[PDB]
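So you can see what is in the structure, the chains are spelled out below.
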Amino acid sequence: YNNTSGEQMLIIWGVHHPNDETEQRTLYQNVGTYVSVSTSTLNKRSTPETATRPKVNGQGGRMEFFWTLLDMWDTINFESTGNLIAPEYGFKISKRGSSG
Amino acid sequence: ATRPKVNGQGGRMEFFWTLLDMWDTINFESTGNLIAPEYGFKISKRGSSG
Ligand SMILES: *[C@@H]1O[C@H](CO)[C@@H](O[C@@H]2O[C@H](CO)[C@@H](O[C@@H]3O[C@H](CO)[C@@H](O)[C@H](O)[C@@H]3O)[C@H](O)[C@H]2NC(C)=O)[C@H](O)[C@H]1NC(C)=O
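As a numbering rule, every chain is indexed from 1 in the order its sequence is written, which need not reproduce the entry's residue numbers; residues that lack coordinates are not presented. Each chain takes a letter, starting from A, and each ligand takes a number, starting from 1, following the order in which they are written. All values in this description refer to the chains shown, which are themselves only part of a larger assembly. The side-chain quantities take in all heavy atoms of the structure and omit both hydrogens and water.

- In its metadata, the entry names cryo-EM as the structure determination method and reports 3.7 Å as the resolution.

- Chain B goes by Hemagglutinin in the PDB entry, where it is assigned to Influenza A virus.

- With the PDB entry as reference, chain A is termed Hemagglutinin, source organism Influenza A virus.

Right, here's the structure in full:
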């Protein structure tokens, strides 16, 4: 993505930590997966790991979520060989202010 | 990995800094990608700067 809207855009994405090697492959058909997210200042290469985790809501795997800001014409690059949970919706901030 | 073209380069330099306190032998080991220091900055004095 190339920033166009003229303000910091909150881009929020995530990665999936599957609970089973079989479940990992049945979702992504490969292992040793990585999710790279790079901007003009941010660089983050998460490596999802499949391991036995306590049953929460019936699932063992989790979602790690990250958030970032595309400041000003800062092109963001998502790259992955799986496990990525992409954002289809970037939250541009309309205004500054004083909230809580 | 593919990174946005900054100054024509995609790759970056991560930089770290550390303090060798007192006869603390430092060991750099690498099979590549290391950017070594040939210059250690000893601090002459304490003080109050800004
Ligand atoms: C896509 O991302 C780039 C990030 O580099 C945004 O920056 C724009 O990049 C273009 C070249 O790709 C440049 O435009 C230049 O404008 C000057 C103004 O006189 C002109 O003389 C040049 O011929 C060239 O057209 C410039 O670095 C920059 N444009 C700006 C800041 O207005 C680019 O805006 C992004 N594309 C979008 C948002 O559509």
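Looking at the layout of surface pockets
Argument step 1. The computed volume of the largest pocket comes to approximately 1,100 Å³.
Argument step 2. The way it works is a 1 Å grid over only the protein atoms, where trapped points that fit a 1.4 Å probe form a cavity and open points with protein on both sides within 12 Å along at least five of seven lines form a pocket, and then any residue with an atom within 4 Å of a point lines it. Taken together, 24 residues make up the lining of the largest pocket; nearest its centre are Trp17(B), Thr18(B), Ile26(B), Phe28(B) and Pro37(B). Grid points are joined across faces, edges and corners, and a volume is the space filled by probe spheres set on the points.

What about the pattern of salt bridges?
Residues and elements named next belong to chain A.
Argument step 1. Salt bridges are counted wherever a side-chain nitrogen of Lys or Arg sits within 4 Å of a carboxyl oxygen of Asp or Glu. Inspection of every chain in the model, using the stated rule, returns one salt bridge over all chains.
Argument step 2. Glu7 is the salt-bridge partner of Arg96, the closest N and O atoms lying 3.0 Å from each other. Of this pair, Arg96 sits in the segment after β7 (91-92) while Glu7 sits in the segment before β1 (9-17), and the two are 89 residues apart along the sequence. Numbering goes from the N terminus for both helices and strands, where a helix is a DSSP run of H or I of at least four residues and a strand is a run of E of at least two.

So, the sheet that holds strand β5 (residues 77-80) of chain A
All names here are of chain A.
Argument step 1. Within the open sheet, the three strands sit side by side as β3-β2-β5. Their pairing is antiparallel. Every interior strand has two partners, whereas the edge strands, β3 (43-46) and β5, have only one. Direction aside, neighbouring strands of the sheet carry axes that sit 10° apart on average. Two strands qualify as a pair provided DSSP detects at least 2 bridges between them. Angles shown run from 0 to 180 degrees and are taken between the N-to-C directions of axes, each axis being a line fitted to C-alpha atoms and, for helices, limited to the stretch in contact.

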